[PDB]
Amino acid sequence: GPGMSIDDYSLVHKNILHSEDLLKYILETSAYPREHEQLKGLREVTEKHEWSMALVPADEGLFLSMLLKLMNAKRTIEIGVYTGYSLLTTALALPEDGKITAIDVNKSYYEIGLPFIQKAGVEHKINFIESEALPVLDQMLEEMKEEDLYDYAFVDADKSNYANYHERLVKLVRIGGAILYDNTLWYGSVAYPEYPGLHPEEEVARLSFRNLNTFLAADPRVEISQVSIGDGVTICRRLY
């Protein structure tokens, strides 16, 4: 992936909705008119970037923003930033004193979106950490206190590692807090045990998501809602 080729991914032209016309209707009617001008700018630059397949889309973004506001989130973690579309979405949603821990192995991607984040006036909310996510989460587990738990986590980093992220995040997000997993329908390819013609890295991701979806549905630590928005977003709410 953007982490560690573009040619290894064979489904980038697929969408989970029944037609591109329906997706374009949602974007033009309901998403783009509500998208911050700096999110638009960041999106348009990123659409030209070689890894644009990884970009969180605008209708999904407004849904993330809505969830953040409805749950009155204040402290969040963003895992897998890329050029920062979902991160800027989060920073604009949070109150003025909101705080985001943002983690990505590749800070050069973040620097593409950083001028839009800065012009949006919300960079002060963001503590960006350039690292693989798991060691950072493991260190947070050692140092965290109960009153500093996160309200919300958005997970959108190495697809094969979501299950390992989950085991840390169910302890780092507060009870009643939210953990969101991005891309859980993987272009619709999760719908079959076997699926033709994927390169090995993409098949690893597809199988990881089939296993994750089954696991999350059985996991008593959370309630879940798998939402057919974007490429599938699974919302988890921590029960205990």
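Don't overthink the numbering: it's just position in the shown sequence, from 1.
Missing deposited residues between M4 and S5: 1 to 3, all without coordinates in the entry. Relative to its counterpart among 218-226 and 5-13, 5-13 has the higher mean temperature factor, C-alpha atoms as listed in the PDB entry. Per the PDB record, of the two stretches 140-148 and 76-84, 140-148 carries the greater mean B-factor over its C-alpha atoms. For the set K48, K69, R34, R206, the PDB entry assigns the largest Cα B-factor to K48.
Within the selection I112, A93, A153, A157, the deposited Cα B-factor values reach their highest point at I112. In the PDB entry, a CA B factor belonging to the middle third of its chain's modelled residues is recorded for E132. Ranked by Cα temperature factor within the chain, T89 sits in the lowest third according to the deposited record.
Annotation for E167: CA B-factor lies in the lowest third of the chain's modelled residues. For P193, the recorded CA B-factor ranks within the highest third of the chain. Only modelled residues enter the ranking. In this PDB entry, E201 carries a Cα temperature factor that places it within the highest third of its chain's modelled residues.
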